[PDB]
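Because the Cβ atoms are built from the backbone with ideal geometry, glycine has one as well, and the counts that use them run over all protein chains shown. The values are calculated or read from the model by the stated rules, or taken from the named source; no laboratory read-out is quoted.
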Amino acid sequence: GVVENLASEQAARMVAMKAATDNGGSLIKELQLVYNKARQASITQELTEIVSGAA
Amino acid sequence: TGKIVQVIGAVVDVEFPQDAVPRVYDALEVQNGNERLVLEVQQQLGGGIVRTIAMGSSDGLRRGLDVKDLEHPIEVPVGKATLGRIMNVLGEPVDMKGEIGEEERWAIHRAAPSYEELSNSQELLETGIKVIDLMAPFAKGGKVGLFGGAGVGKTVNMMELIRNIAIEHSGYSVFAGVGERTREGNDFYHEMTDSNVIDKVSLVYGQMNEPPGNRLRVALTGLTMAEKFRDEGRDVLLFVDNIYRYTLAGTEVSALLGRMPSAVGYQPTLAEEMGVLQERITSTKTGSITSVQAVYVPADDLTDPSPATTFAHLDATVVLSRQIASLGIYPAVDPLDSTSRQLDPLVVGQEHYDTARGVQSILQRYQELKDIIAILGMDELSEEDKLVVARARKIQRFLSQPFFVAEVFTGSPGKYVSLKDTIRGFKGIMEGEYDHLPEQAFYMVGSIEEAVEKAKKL
Amino acid sequence: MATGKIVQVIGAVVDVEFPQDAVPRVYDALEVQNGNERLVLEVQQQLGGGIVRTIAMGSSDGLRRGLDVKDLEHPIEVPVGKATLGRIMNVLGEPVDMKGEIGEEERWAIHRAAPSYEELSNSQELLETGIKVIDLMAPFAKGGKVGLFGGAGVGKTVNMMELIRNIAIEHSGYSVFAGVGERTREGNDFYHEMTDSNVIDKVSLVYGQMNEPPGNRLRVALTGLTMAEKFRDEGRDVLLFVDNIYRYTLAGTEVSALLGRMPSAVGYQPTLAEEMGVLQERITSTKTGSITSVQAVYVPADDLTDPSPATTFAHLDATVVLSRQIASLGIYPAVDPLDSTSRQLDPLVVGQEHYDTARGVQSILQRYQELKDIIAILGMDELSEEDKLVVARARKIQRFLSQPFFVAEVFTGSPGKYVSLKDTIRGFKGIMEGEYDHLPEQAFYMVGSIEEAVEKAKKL
Amino acid sequence: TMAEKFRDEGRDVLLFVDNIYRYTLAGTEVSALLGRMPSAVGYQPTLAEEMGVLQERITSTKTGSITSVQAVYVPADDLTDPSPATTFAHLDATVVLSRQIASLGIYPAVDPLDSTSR
Amino acid sequence: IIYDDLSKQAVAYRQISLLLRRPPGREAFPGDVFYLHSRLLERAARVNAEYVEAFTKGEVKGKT
Amino acid sequence: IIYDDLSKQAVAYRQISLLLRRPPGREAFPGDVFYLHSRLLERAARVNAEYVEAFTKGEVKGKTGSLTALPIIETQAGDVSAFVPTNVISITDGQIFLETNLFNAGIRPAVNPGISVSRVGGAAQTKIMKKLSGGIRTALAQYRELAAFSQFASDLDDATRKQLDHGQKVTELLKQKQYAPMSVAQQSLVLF
Ligand SMILES: Nc1ncnc2c1ncn2[C@@H]1O[C@H](COP(=O)(O)OP(=O)(O)O)[C@@H](O)[C@H]1O
Ligand SMILES: Nc1ncnc2c1ncn2[C@@H]1O[C@H](COP(=O)(O)OP(=O)(O)O)[C@@H](O)[C@H]1O
Ligand SMILES: [Mg+2]
């Protein structure tokens, strides 16, 4: 019984870590959209401040 | 006695004799085709020129037209005669009834009441809404603000508050629609007139179709009508449908007035324009104004200068969020951002205060786990922290409530929940006495009794 | 007779002052003697007082103030027609190769209006490229735009050469290659890779590369396009390659900054969408002919939301993305069947059998893509028997998407094949309907039609 | 200037500059007052040229030598905004101090794994 | 009535506005990009029979 | 002296600058805003007894004068990297950081001990408090270093479980109600 429970422990940790890898992967694809949105907003704000400040 | 010399969008420049130049905020008059157009001067440029904002359609204006200087500021009907009728920014009647039999007219630009005259009130006001009067109770004579993005419930919540406090209230009421839909104004006018409460409400409407100047000064036009009832000794309710449009109209005009832009394109005078209004909407020793203000936040950015500078001017702030409304949880109040000056052990009692703070603590602890739950799944959470999550979710659902003004959407009948009845339900959910009941037992129910009853049907 | 005089020179922006009634019209060309050689200026704006602001189509160093400027009464005009095939030209239509003059008879202005609403074709045909992967997974509309999002080392140039060859041979169309803003080395080695495959006589090359002032990189795409339009008016089906549309955007951003116009979305010119539209709206299928276009697209910062990709994707119909992986396995062409897309894949346009065959192979491959990871972690025999069949069919389909080009004979030795669409649909229905399960996956590789896969398995 | 006077006598002085970050902020303010068009993060356009005009006089000539020790505040610990980003090009060693180490009690609070020297 | 893209109308108005050197706001859109769509979409309305009578000089009775 | 929201004074001065058409800067703030806050905050000083005698013309002998400033700044969304906070953080002798996550989690006052500093340090403490606070600093330091594991607390060895459970308790000890000030004797007693 102990040895079977050990093999089940390994087989369960495997699927848990597979799901966690897939969830991290699906979370990168959101963090990167937020990142691009912030990059664009910063470029726009800086360049507008410069131009509309001059003259 | 003056000529037009420029017409840029909504702003008009007028040249007068050097010895007759109007004063700031005086009102001028022109003939735009068949119609008569009222201008309000904003600046005294040098050399007899004066720069103004048109309170109407600017199209059709030629150069060189002759404008007449009315020697007084914009003046609106005021008092008892303006009650149950709809008015322009200019104080003209906009329903098809006759004249407003006013005995007095007031200038819409006035100084705020002196610091000596102010008054403070701890008298709690009760509303039928669980989350508002648990997390952010507010008091008679105080300011309330509903912050939220586009389409999250900050108009439906204001109509529910009107229903719950305004009909059960003796004094008059004033409703200023600043830059919102004309459809909603018609719907509200007819709902009032069909329940015979219209003869207690004064309406002012400068809705989104109208050019910038009307949206710019309609809020002041409403505050004047409110100030009158206040100074008469009465106590008033003032509902402003969207105060963000008052500053958006300033931003639209600022650059034409020749003023260097500021932080995110906003006018350089944003904070002063906003203070000079919100400082005169207050209660005083001679009367009190109770005000609910919807505050749109652009692009859901709670750090944009316009909401950021408005936060300081409100006593109880209720912050709605799209991430909750997308869960079907209405009202979508965000309990970790709503607050109130009135949430103190002294004002609301130790039991209410402690329940509110416990709810905040639980929900925040649930927020802190949301990322580990996202990556590693919920089965990795300690048994103590799996109870916290289930109680947090039950609390999330129990803050939802059906509204009488939302039957049109959900069909379910509304509910009115007394404060005594809600702090008890949350004490119960937190202490665990309902910790054997499925979550969906708490979705859209009035009181804890109704939840234990709904659980029988699943 | 010259009438203007240079009055300002600032970088590439030159201002010239004409008599008050002789002010050139916008986009008119001007010329000046920049020492021992003439220089062409293109008008961009009319300021008041007879002053006009231009951009130099050349290096502006050496320009004094007060030089006389002659006002050509027409926009930049280039040579067009059969005479330009196999030549190399720059933005002004000057033979940049050393083989002498272009022997054209007719010259067209490069600034023109898109076909009117009632010139457009009242139908919607398809272009049979002859490549299996494209014709199945990403069909081309005749007169549409196709983006090519592959990177480097994947065969973009040989794919372009195969399209040129097939569209010249198996149709009767010519081709035009506009080299907007890319390395000179690639231009020279493309010229050679084409001259030694005999397709050079079927394409007209116009090159404006990274070493050119902004005006050249801006107008070279219009030069290429206005040669393609001359070929269209003859009634042909034409193919127009753009070497990088992103650099056509960036040259306009540079020019707009030079002119001092206010910046816009994320650093781009305010007229981004209109500059892109007035180009992309001239390559369409007309009642007389059609211009198809294959455009290499580069996405900045790996962001498909940046204004330039977002503005471009509004115009692309198809999209084929090349993959380093699919090449590593040895399958050429290296198109990725799961990322390549086309808005022609609808039953209402392409038919139900083609649509559902493509969707079939797509689902098969996108399941295999994860059965193979399950194999990578748990080993093969952990699978189910149903899944082993899925893998055994997916490997065959994946092999069958290879093809031998007439241009690739110099690498593979095998003779090039041109596969009609019907044959690709048959082959893939068969491989997916359970037919041919009895022959090995290497019988499909680099074969051609399935009727040749059977013959290759016969002798294996 | 005082250090250069001492150097020209054949001495080996040591010059301590109490904060480069505020030298760059003073440059930013002075540049904004004169109305020059700003650069990357509001920094004057001449940032790197002011930094070079300063740092290129601190050198050991054949007659004497000026050594230097320079404190440099890193705003928000980012190490990447133009001021420390532009100062690194001139330094010959960098000693990084961490508040975490200091909080455990062990001053000087130098981080031994991030400190470096050419 | 169907406006095929009120996102491209906003972009064309942004162009026209920036070519006149008007100070832009968020995402480089002008200040009045809200008013642009507001005065447009606020026309899609339903009107009572009295408006239809008064407008049409009494030719049309009772309809909305 | 307590300056409430020097970040509203900065906004009023920005308005005044932009209306006089002065060259804008970052976030439209003027160039000389650092020179606006600096010459304000450099007045909060302790002066030696000789300056006080010279000032009062000998009327007050042997006493130092002092003025303490507590300027308040508001950061939008915790961004210390804005024009106004990044100046006043450089001008002042310390920084008390109040955080909204701590405030929501029940930790009121909500001071962040690990990101707050006082450059005067122990010199401004009674010797009992200087003695006792040394152990609080290190307890909270080790707790902040171990906090990452608080989510995997069950796995830990008991040799560190004690450090983590002492850190949580000293953190729960620094919570305090509003308008309830402690005399130095009570604070020292509780920290002991
Ligand atoms: N209590 C509620 N029950 C059901 N729906 C609600 C409730 N409160 C708000 N909503 C939803 O909120 C949506 C947004 O309406 P509204 O509040 O007018 O938006 P805005 O915030 O712009 O005013 C409505 O369509 C409605 O379905
Ligand atoms: N159809 C094909 N048959 C054989 N080899 C090919 C084929 N397509 C590409 N290749 C190989 O891929 C390599 C990529 O070369 P090249 O096209 O010059 O790179 P890029 O396309 O990035 O410019 C070539 O060396 C060529 O040998
Ligand atoms: Mg609303």
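Of the numbered criteria (1) surrounded by 21 or more Cβ atoms within 10 Å (Cβ to Cβ); (2) more than 16 Å from ligand 1 (Cβ to nearest atom); (3) within 19 Å of the chain's Cα centre (by Cα); (4) over 15 Å from B:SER291 (Cα atoms), the one B:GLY213 fails is (3).
Applying the condition of being over 33 Å from the mean Cα position of the chain (by Cα) and of a type outside the set (A, V, I, L, M, F, W, C) to the stretch B:440-458 and asking which residue is surrounded by the most Cβ atoms within 10 Å (Cβ to Cβ) yields B:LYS454. Filtered by the rule that a residue be of a type in the set (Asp, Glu) and part of a loop (DSSP other than H, G, I, E, B), the stretch E:10-62 gives E:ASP32, E:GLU42, E:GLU59. Taking the numbered list (1) under 28 Å from F:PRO113 (Cα atoms); (2) charged (D, E, K, R); (3) more than 11 Å from chain D (Cβ to nearest Cβ) in turn, F:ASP79 passes all entries but (3). Taking the stretch B:135-193 as the range and being away from ligand 1 (no atom under 16 Å from the Cβ), in a strand (DSSP E or B) and either surrounded by 24 or more Cβ atoms within 10 Å (Cβ to Cβ) or within 14 Å of chain E (Cβ to nearest Cβ) (or both) as the test, the residues that pass are B:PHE138, B:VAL174. Considering the conditions (1) in a helix (DSSP H, G or I); (2) free of Cβ contacts under 8 Å to residues at least 60 places away in the same chain; (3) away from ligand 3 (no atom under 16 Å from the Cβ), B:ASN196 is excluded by exactly one of them, (1). For A:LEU27, the requirement of being within 14 Å of chain F (Cβ to nearest Cβ), assigned to a helix (DSSP H, G or I) and surrounded by 12 or more Cβ atoms within 10 Å (Cβ to Cβ) is not met.
Of all the criteria given as (1) within 14 Å of chain F (Cβ to nearest Cβ); (2) assigned to a helix (DSSP H, G or I), the one not satisfied by A:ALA55 is (2).
The set of residues in the stretch B:339-366 that are of a type in the set (D, E, K, R), closer than 18 Å to B:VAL318 by Cβ and either away from every other protein chain (no Cβ under 11 Å) or surrounded by 17 or more Cβ atoms within 10 Å (Cβ to Cβ) (or both) contains only B:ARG341. Looking only at residues of the stretch B:135-152 that are within 12 Å of the chain's Cα centre (by Cα) and of a type outside the set (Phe, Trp, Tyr), we find that the one that is nearest to ligand 2 (Cβ to nearest atom) is B:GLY148.
Of all residues in the stretch C:88-110, exactly one satisfies the criterion of being assigned to a loop (DSSP other than H, G, I, E, B) and touching a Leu at 6+ places or on another chain (Cβ under 7 Å), namely C:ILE110.
The criterion of at least 1 residues that are among the charged types (D, E, K, R) and farther than 30 Å from B:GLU191 by Cβ is met, among helices (runs of 4 or more DSSP H) falling completely within the stretch B:371-457, by B:383-398, B:419-431, B:448-454. Looking only at the stretch B:163-210, residues that are touching a strand residue (DSSP E or B) at 6+ places or on another chain (Cβ under 9 Å) and not basic (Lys, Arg) come to 28 in all. When the residues of the stretch F:82-123 are filtered to those that are under 30 Å from D:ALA26 (Cβ atoms), aliphatic (A, V, I, L, M) and within 11 Å of another protein chain (Cβ to nearest Cβ), the one that is surrounded by the fewest Cβ atoms within 10 Å (Cβ to Cβ) is F:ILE115.
With the condition kept exactly as written, say whether any residue in the stretch F:5-22 is out of contact with any strand residue (DSSP E or B) (no Cβ under 6 Å at 6 or more places or on another chain), small (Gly, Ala, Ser), without any contact (Cβ under 8 Å) to a residue 60 or more places away in the chain and within 14 Å of chain D (Cβ to nearest Cβ). No, that holds for no residue. Test C:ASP346 against the criterion of being under 28 Å from E:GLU27 (Cβ atoms), acidic (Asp, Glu) and more than 16 Å from ligand 2 (Cβ to nearest atom), and give yes or no. Judged against the criteria, C:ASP346 is not a match. Listed by position, the strands (runs of 3 or more DSSP E) contained in the stretch B:230-332 that have at least 1 residues being surrounded by fewer than 23 Cβ atoms within 10 Å (Cβ to Cβ) and away from chain E (no Cβ under 14 Å) are B:235-240, B:288-296.
Whether any residue in the stretch D:30-40 is over 19 Å from F:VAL33 (Cβ atoms), out of contact with any strand residue (DSSP E or B) (no Cβ under 7 Å at 6 or more places or on another chain), charged (D, E, K, R) and within 14 Å of chain F (Cβ to nearest Cβ) is what I want to check. Among the residues of the stretch D:30-40, not one is over 19 Å from F:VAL33 (Cβ atoms), out of contact with any strand residue (DSSP E or B) (no Cβ under 7 Å at 6 or more places or on another chain), charged (D, E, K, R) and within 14 Å of chain F (Cβ to nearest Cβ), which makes the answer no. The residues listed here are F:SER188, F:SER183; of these, the one that is in contact (Cβ under 8 Å) with a residue 60 or more places away in the chain and of a type in the set (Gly, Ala, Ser) is F:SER188.
One residue alone among B:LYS130, B:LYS143, B:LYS154 is outside the structural domain of B:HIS352 (by CATH) and within 11 Å of ligand 3 (Cβ to nearest atom), and that residue is B:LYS154. Within the stretch B:3-20, the set of residues being over 15 Å from B:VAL38 (Cα atoms) and assigned to a strand (DSSP E or B) comprises B:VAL5, B:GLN6, B:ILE8, B:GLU15.
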